[PDB]
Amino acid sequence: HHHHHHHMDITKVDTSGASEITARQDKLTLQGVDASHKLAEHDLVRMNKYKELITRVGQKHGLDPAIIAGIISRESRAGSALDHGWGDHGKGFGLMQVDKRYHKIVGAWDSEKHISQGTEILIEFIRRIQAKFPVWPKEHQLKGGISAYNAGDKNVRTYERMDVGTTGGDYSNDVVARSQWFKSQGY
């Protein structure tokens, strides 16, 4: 079960950005990729507090820090959406919303240890999609892995419609677009 995500490049992944449902969280009139970019921008000042940690975690895991930032923006609005680190049902923990029912949580909610745990979980989902669909373009495997972070690898059943069944019907599309935006902010 070797890992092999070292060729993946977030800049090559196609995206249609946020759905209307997702855009409404900031009452945006923007749509799609534009909306994702604005959602990300709204989280930038908070994200920048964590940028040094996010960068270190990405480097330590061979993953683009911008992807980690995209996940954090989507999962927790860089902490703004959380109550002492917890999601609304006390199950999701931390900037990346690790599910305490699936994992033994580690670190404070805003810690490097936490960000490493969420990042490892994402990296494992990427590995699984590479295993499940070994002939796919790596861009599609990366996008599918991101979708699986929200919906599980079991939700990735076909090449088409990957974000069907994800929260908002747009999880990987939105995360990819936010990640690209953070990359252009120097993540």
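All residue numbers are counted from 1 along the displayed sequence.
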Comparing 125-133 with 154-162, where is the mean C-alpha B-factor higher? 154-162
Selected stretch [higher average CA B-factor]: 94-102 or 77-85: 77-85
Quick one: which of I67, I54, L44, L142 has the biggest Cα B-factor according to the entry? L44
Looking at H37, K27, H61, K138, which has the highest Cα B-factor in the entry? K27
Tertile call for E20 (CA temperature factor, within chain, third-based) is the highest
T11 - which third its CA temperature factor falls in, relative to the rest of the chain: highest
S184's Cα B-factor: lowest, middle or highest third of the chain? middle
